[PDB]
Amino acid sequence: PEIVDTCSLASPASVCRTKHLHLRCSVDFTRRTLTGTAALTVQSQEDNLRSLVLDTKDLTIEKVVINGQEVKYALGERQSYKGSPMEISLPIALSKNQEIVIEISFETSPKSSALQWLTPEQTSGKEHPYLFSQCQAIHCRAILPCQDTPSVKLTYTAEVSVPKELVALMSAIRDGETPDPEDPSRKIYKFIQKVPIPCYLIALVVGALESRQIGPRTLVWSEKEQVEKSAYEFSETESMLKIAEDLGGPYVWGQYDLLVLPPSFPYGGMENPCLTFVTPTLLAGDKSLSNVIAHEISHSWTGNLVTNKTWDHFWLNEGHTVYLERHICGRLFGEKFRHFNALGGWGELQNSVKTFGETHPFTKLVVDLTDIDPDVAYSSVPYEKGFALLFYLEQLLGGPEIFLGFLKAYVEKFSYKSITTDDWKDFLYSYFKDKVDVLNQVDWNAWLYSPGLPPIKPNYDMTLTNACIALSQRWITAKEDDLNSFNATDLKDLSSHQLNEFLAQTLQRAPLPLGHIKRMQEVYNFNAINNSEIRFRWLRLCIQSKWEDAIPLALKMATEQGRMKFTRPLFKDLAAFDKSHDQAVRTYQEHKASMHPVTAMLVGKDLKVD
């Protein structure tokens, strides 16, 4: 019954398992390097274990020590995106359950895909550099040697030396801070992570950080210039944490801190344990983008406690999380709001399916990533097809109350483990033993393995959506004779959430006649809106509708921030617009060196450059 992580080159969990990592390292901003030792505590699962394989990518290995003595090792040839396999020779055969500790002397490449090294110019303050990591899905290997698979969980401790003037944070509990004693001008920062986690949750940030405390278990961290606003933006965190506890059981990580990164952070959010990372694009000034917060909080259970065993089952992480996320929001804002968000997610799903094509393998809930780079397959599918499956099951089995009971039990049952779609479904049938008959009505094959839209669409309350549809349809079907009647009053009772959904709906039918788009700016002044979601969609609509004036706006948003969600499609749209094509390409080329590494690689691909 063997399950393979086709994304890792390391020895599998059925051979050995890393149980702990002791990391001592220093951050060299001049050399743009991370240097140090990775002491891994490994546990054999086989008798006579004489050698193991670790994952690495662009890693420079100084030495490998075991029991005070250096050991034999090798680096196989690079396997493109998977990096290069590092084989280690054990001086003693190991037997089941026996453990050795391997200390690894390493240096990272300044071109590490897990990292982004920023010049002070690139920072808010302009006087200091900044460094941030991003390991999910498989970039940990780009920072240190490891079994770079979610099927393995370990605890870890780390001490990191950084320039006295800068602050270091990790996805762990801050254990203490002390001056180094080593002919340096560095500080030594300490962290402890008592809960076993998959290595993709390992995270580091170094910079001129300041923090504000916004809850008993929460401080907001960011450069000085973002602190205050962040503090305001995320005010609701603690209340979210409380809901989540009620939904999934106790929060076991201890602290729930937030880190507002610099603009090039590639994601909206990242559930790094004890230190969720978020895009500064969330700072809308009205807390309207807090769902991202609810989301990352939710991972503290679905993802971080119960983890997908391989990236092929990624939907377990994301679909359950979106489900929880939506419940948090429904709890804080209303069931009608939950439904609204759910229906909009279905919309994102329609877009993803249209984009890849309805027969595309990446549209399946359970995928096969053999030979595929996760960064490349990444989409809304696991999020939305996953969420739709859960919503549908909730409706079929009795309701939210009933389904949340299954959810809390599932979390309990699989806490600290890495599992697959089958474990989830086998549990579902077990929990719902009284309803097997209902369960059997679901078309599992289609839902789990068929491409395209789900076999069935759940039911949704239309309360908040109706105004959106009325409005988008009016614009989509408008004639010359309707233009004059549109008016700002049209937006009178629409929340920012509804404006966004209106635009999303409109966008699905782009292009609109240029004259219409112009009228739209004239009556609603969307150019003036700073909310990122709204501007993103508005600008796409504009570009796709061929409005040349929008070119500079689109270029600006695309490069001034680097959240992939916005950056990629803006660049793509601009490249598809004959009028801005050359300039889109040129801008990228000019910006590439200063961009985040994965974003950079994806945009180039998107643009077909290189």
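C-alpha atoms forming the largest set that superposes within 1.5 Å between two forms make up the rigid core. Numbering starts at 1 and follows the sequence shown.
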item	value
Higher-deviation stretch (C-alpha RMS, rigid core fit) in 6 other deposited structures of this protein, choosing from 497-505 and 476-484	476-484
More shifted region, core-based fit in 6 other deposited structures of this protein, 178-186 vs 397-405 by CA	178-186
Given 535-543 and 110-118, the range whose Cα B-factors average higher in the PDB entry	110-118
460-468 versus 230-238 - which carries the larger mean C-alpha B factor in the record	230-238
Deposited CA B-factor, highest of 555, 54, 65, 585	65
Deposited CA B-factor, highest of 497, 126, 153, 139	126
Chain-relative CA temperature factor third for residue 325	lowest
Residue 96 - which third its CA temperature factor falls in, relative to the rest of the chain	highest
Ranked C-alpha temperature factor of residue 176 among modelled chain residues, by third	highest
Position of residue 217 among the chain's modelled residues by C-alpha B-factor, lowest, middle or highest third	middle
For residue 47, the third of its chain into which the C-alpha B factor falls	highest
